[PDB]
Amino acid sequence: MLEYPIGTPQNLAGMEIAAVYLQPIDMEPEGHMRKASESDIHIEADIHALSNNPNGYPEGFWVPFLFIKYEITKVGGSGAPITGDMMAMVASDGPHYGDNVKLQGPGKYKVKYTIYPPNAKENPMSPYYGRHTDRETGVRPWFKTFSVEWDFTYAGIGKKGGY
């Protein structure tokens, strides 16, 4: 299969944060993603643990229970920024955070993700996850909410809504 990069990955708080996209997808439960026919891409946040991750994840593990908001802005565009809240889901290549998105035509875009840890009050998955704190099996505190940004160009006859 093929996917497309948004910039290059960034390493922060013991994690690799990468932005990628592919064609719009379909998901179970149905009717939660924007319809694939009304979208240009499926945008994703690919988040995996680095070596010696402070929260106990082995290197390469997917980091679960995060909440990710995104803002996509067209450089020099007359449109309002594109925003949304990703959802965690599994595909044939494993779990991701993603969302189906409709863009504003070909051009340069700024992409900003805001990543919330699993103890943030803004993260609706926080009631479902814990962290050991005892001496023998405990880990370091969760990272604080942070953002990451990339620039990328979306353009071409082979790009849906990019020509």
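Start at 1 and count along the sequence shown; that's the residue number.
Novice: Is the mean CA B factor in the deposited entry higher across 41 to 49 or across 105 to 113?
Specialist: It is 105 to 113 that shows the higher mean C-alpha B-factor.
Novice: For the higher mean C-alpha B factor in the entry, choose 30 to 38 or 90 to 98.
Specialist: Taking the mean B-factor of the alpha carbons in each, 30 to 38 is higher.
Novice: Maximum C-alpha temperature factor per the entry, among 64, 124, 58, 130, belongs to which one?
Specialist: Checking the PDB record, the top C-alpha B-factor among 64, 124, 58, 130 is at 58.
Novice: Check where residue 152 lands among this chain's C-alpha B-factors and tell me if it's the lowest, middle or highest third.
Specialist: Residue 152: CA B-factor falls in the highest third of its chain.
Novice: Determine, from the deposited record, the chain-internal third of the Cα B-factor for residue 18: lowest, middle or highest.
Specialist: Its C-alpha B-factor, which the entry lists for residue 18, ranks in the middle third among residues of this chain.
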